[PDB]
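Fold and geometry: a report
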Amino acid sequence: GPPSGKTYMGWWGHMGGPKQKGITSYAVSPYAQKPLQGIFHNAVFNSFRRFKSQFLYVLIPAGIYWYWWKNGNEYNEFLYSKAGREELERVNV
Amino acid sequence: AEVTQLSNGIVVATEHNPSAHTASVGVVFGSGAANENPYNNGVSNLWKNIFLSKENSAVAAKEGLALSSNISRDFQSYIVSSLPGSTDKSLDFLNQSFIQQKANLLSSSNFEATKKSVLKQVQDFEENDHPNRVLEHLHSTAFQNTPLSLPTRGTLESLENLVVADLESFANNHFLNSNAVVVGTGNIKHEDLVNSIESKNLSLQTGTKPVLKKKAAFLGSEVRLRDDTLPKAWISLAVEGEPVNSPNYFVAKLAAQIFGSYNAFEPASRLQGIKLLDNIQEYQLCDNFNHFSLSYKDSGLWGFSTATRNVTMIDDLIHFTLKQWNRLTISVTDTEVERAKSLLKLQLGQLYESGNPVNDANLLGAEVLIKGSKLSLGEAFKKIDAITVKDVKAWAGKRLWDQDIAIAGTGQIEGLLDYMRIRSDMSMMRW
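Procedures and definitions
- Here every chain is numbered from 1 following its written sequence, which may not line up with the entry's numbers; residues without coordinates are dropped from view.
- All chains are assigned letters beginning at A, and all ligands numbers beginning at 1, according to the order in which they are written.
- For clarity, the chains displayed are a part of a larger assembly, and the values are limited to that part.
- In computing side-chain properties, one takes all heavy atoms of the structure into account and sets aside hydrogens as well as water.
- The patches described consist of residues with a relative accessible area above 30% and no salt bridge, like charges being joined within 9 Å and nonpolar side chains (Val, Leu, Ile, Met, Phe, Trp, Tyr) within 5 Å.
- What sets the accessible areas is the Shrake-Rupley method with a 1.4 Å probe; for residues, cover comes only from the shown protein chains.
- Whenever a carboxyl oxygen of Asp or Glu lies within 4 Å of a side-chain nitrogen of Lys or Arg, that contact is scored as a salt bridge.
- Segments assigned H or I by DSSP are reported as helices when at least four residues long, segments assigned E as strands when at least two residues long, and all are numbered from the N terminus.
- Whether two residues are in contact is decided by their heavy atoms, any of which lying within 4.5 Å being enough.
- For any pair of parts, buried area is found by adding up, for both, the accessible area (1.4 Å probe) each one loses once the two are put together.
- Under this grouping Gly is polar, as are all residues other than the nonpolar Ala, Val, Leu, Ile, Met, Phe, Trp, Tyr, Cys and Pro and the charged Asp, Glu, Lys and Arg.
- Whether a residue is buried, partly exposed or exposed follows from its accessible area with a 1.4 Å probe, protein chains only, as a fraction of its type maximum: under 20%, in between, or over 50%, in that order.
- An automatic or database domain assignment supplies the residue ranges for each domain.
- Pairs of N or O atoms within 3.5 Å make up the polar contacts considered here, provided that, within protein, one atom can donate a hydrogen while the other can accept it, and that residues adjacent in sequence are counted only when both atoms are side-chain atoms.
- DSSP bridges decide pairing: two strands pair if at least two such bridges lie between them.
- To obtain each axis, a line is fitted to C-alpha atoms, and for helices this fit is confined to the stretch in contact; angles are then taken between N-to-C directions over 0 to 180 degrees.

Residues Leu56, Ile60, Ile64, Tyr65 and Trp68 of chain A make up a contiguous nonpolar surface patch of roughly 640 Å² in combined accessible area. Following the sequence through the fold, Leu56 of chain A ends up in helix α2 (residues 56-79).

Glancing now at the interface of chain B and chain A. Size of an interface, as often reported, equals the accessible area lost when the parts are brought together. Listed per partner, the contact involves 21 residues of chain B and 19 residues of chain A. Between chain B and chain A, a total of about 1,700 Å² is buried, with carbon and sulfur atoms accounting for 53% of that surface. Seen at the junction of chain B and chain A, the total is one salt bridge. Measuring nitrogen to oxygen at the nearest pair gives 3.2 Å for the salt bridge that ties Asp227 of chain B to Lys21 of chain A. Of all the secondary structure elements, the ones that give two or more residues to the side of chain B that touches chain A are β7 (221-227) and α17 (419-423) of chain B. The dominant element in the side of chain B that touches chain A, judged by the number of residues it contributes, is β7 of chain B, at seven residues. Residues belonging to the side of chain B that touches chain A are distributed by class as follows: seven nonpolar, six polar and eight charged.

This next bit is on helix α9 (residues 249-259) of chain B. All names here are of chain B. Buried residues dominate α9, accounting for ten of its eleven residues. By the burial criterion, the buried members of α9 are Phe250, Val251, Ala252, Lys253, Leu254, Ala255, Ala256, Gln257, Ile258 and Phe259. In the segment just after α9, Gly260 is the residue with positive phi, at about 70°.

With that out of the way, let us pick up the domain arrangement of chain B. Residue and element names in this part refer to chain B. When its domains are assigned, chain B resolves into domain 1 (1-202) and domain 2 (208-431). For domain 1 and domain 2, the distance between their C-alpha centres works out to 29 Å. On the domain 2 side, the residues contacting the 47 residues of domain 1 number 44 residues. Taking both sides of the interface into account, the surface hidden between domain 1 and domain 2 amounts to around 3,600 Å²; carbon and sulfur atoms contribute 71%. Of all residues in domain 1, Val134, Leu138 and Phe143 bury the most surface against domain 2, accounting for 16% of the area lost on that side. Inspection of the region where domain 1 meets domain 2 yields one salt bridge. Here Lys374 makes a salt bridge to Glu15, at a shortest N to O gap of 3.3 Å. Across the domain 1-domain 2 interface, the total number found is ten residue pairs in polar contact.

Once that is clear, we can look at the pairing of strand β1 (residues 21-28) of chain A. In terms of residue burial, β1 of chain A counts as a barely covered element, since only zero of its eight residues are buried. Across six bridges, the pairing between β1 of chain A and β7 of chain B is antiparallel. When the bridges of β7 of chain B are listed, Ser25 of chain A appears paired with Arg224 of chain B.

Pairing is mixed in the open sheet, where seven strands are placed in the order β1(A)-β7(B)-β12(B)-β8(B)-β11(B)-β10(B)-β9(B). Edge strands, defined here as strands with exactly one partner in the open sheet, are β1 of chain A together with β9 (261-263) of chain B. Recorded for the sheet is a direction-independent mean angle of 15° between the axes of neighbouring strands. Across six bridges, strand β8 (residues 233-240) of chain B lies against strand β12 (residues 406-411) of chain B in antiparallel orientation. Residue pairing across strands places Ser236 of chain B opposite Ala408 of chain B, the latter belonging to β12 of chain B. The strands that α9 of chain B touches are β9, β10 (288-295) and β11 (300-308) of chain B; relative to β10 of chain B, the one it contacts most, it runs at about 180°. Along the sheet face, helix α11 (residues 314-325) of chain B touches β8, β10 and β11 of chain B and points at about 145° away from the line of β11 of chain B.

Put into structure tokens, the structure is as follows:
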């Protein structure tokens with residue numbers, strides 16, 4: 001077969017990053033480690049650290065769109081009651 | 001081989017050979033690199049180069065004497081060679097540098113010249129000798145935080161803190177009469193060595209070596225030293241093996257002879273009766289490999305080393321080798337065991353019967369320190385001849401089938417995969 005256009009990823013041995021020199025890494029077998037030692041401190045302390053960093057980007061847009069829907073729902077309930085009958089005739093013209 | 005303890009507690013061992021034209025006399029101690037801590041690592045390598053310094057070698061050369069020294073993980077040796085008939089001259093030289101006078105070698109002018117020479121050797125070893133520094137990193141990751149992980153040359157960071165008071169402290173704890181064996185090989189007979197030692201009365205104080213707290217233990221782990229500016233990839237891989245004085249000592253040596261050594265550029269090494277060579281010669285997966293079985297006082301290592309330039313097919317070379325190790329448990333044949341019996345008797349016949357009395361003095365003294373005697377070559381040949389196919393399958397099912405490994409590598413090792421895909425090749429999923 002013929003070759004194709006150039007890419008930005010390669011394969012094992014020629015993946016295509018910069019040259020590496022001076023970094024050393026260490027690991028330990030999973031059979032030599034004690035099982036599930038992150039069931040307590042990661043679930044309480046670390047998940048609380050991830051929650052409160054990102055909760056103002058979500059709950060300030062969520063409170064804007066919930067306040068808007070709640071006033072539009074309460075104004076439609078007033079327009080179709082008995083007390084809101086002369087306002088219904090003038091917002092329908 | 002004759003062993004004899006004297007009246008003052010000195011052990012003398014001798015292997016006489018009347019058809020040799022030289023003689024060697026020396027002292028072997030039973031402490032090596034595995035008797036140090038991470039702070040004084042390298043004091044044995046410094047004591048070797050103090051013995052081989054220029055002012056010491058010039059005194060011996062005027063008498064016709066040559067000096068040798070060897071540092072290992074379990075022992076050290078200091079050997080003097082001469083002509084057969086100058087053996088009392090080499091005993092007087094060995095007396096005046098270990099017993100009666102040792103403060104003239106540790107002068108400040110001689111110590112600083114020696115220390116900068118050793119610092120140049122370790123720096124040259126770390127940047128140029130790639131198959132040998134990968135095997136030293138395999139010892140430090142398999143036996144980590146245990147005495148058997150320290151390198152025998154020392155490290156560059158530990159050698160620059162050593163002073164002359166560190167060498168005197170190591171000699172006072174380890175160069176003792178209860179830790180030593182006096183050896184003799186070549187054209188020297190046992191009774192003239194004993195009568196020459198007994199003529200000098202030799203007080204020789206009664207200390208005892210310090211005992212270690214930690215026992216050596218194996219751990220499955222890995223270490224990667226990636227360097228993309230190097231032309232090859234060098235890899236070593238091993239499981240836990242047999243110590244000295246094991247009942248399976250020769251069975252582990254025969255299993256490594258089944259897979260053996262290889263050189264891709266020699267025409268006769270491509271014709272060997274090894275089934276691994278059918279897989280790796282089709283696409284030329286490597287340049288060379290060799291299988292080892294290293295044994296120490298506490299534990300051991302069993303595995304192989306390799307070097308290659310086919311850096312995009314590293315995962316096929318590891319996969320094909322580990323699938324051949326699986327066959328020792330299930331389907332090893334009878335012709336492979338009979339071929340490895342004959343090649344193992346040739347291999348250790350060339351080790352124990354070379355013509356060098358310095359090589360024989362190292363092998364003899366290291367064995368009397370552990371066992372108290374030396375096994376003959378005729379009795380080792382009968383143990384090899386009594387190994388069956390059931391002995392190999394029983395050993396490999398305990399040591400190799402579904403076991404933890406230790407890996408070390410340097411160079412262009414991007415194509416070497418994770419730990420867990422190499423670990424899963426230690427069983428077959430078939431059985």
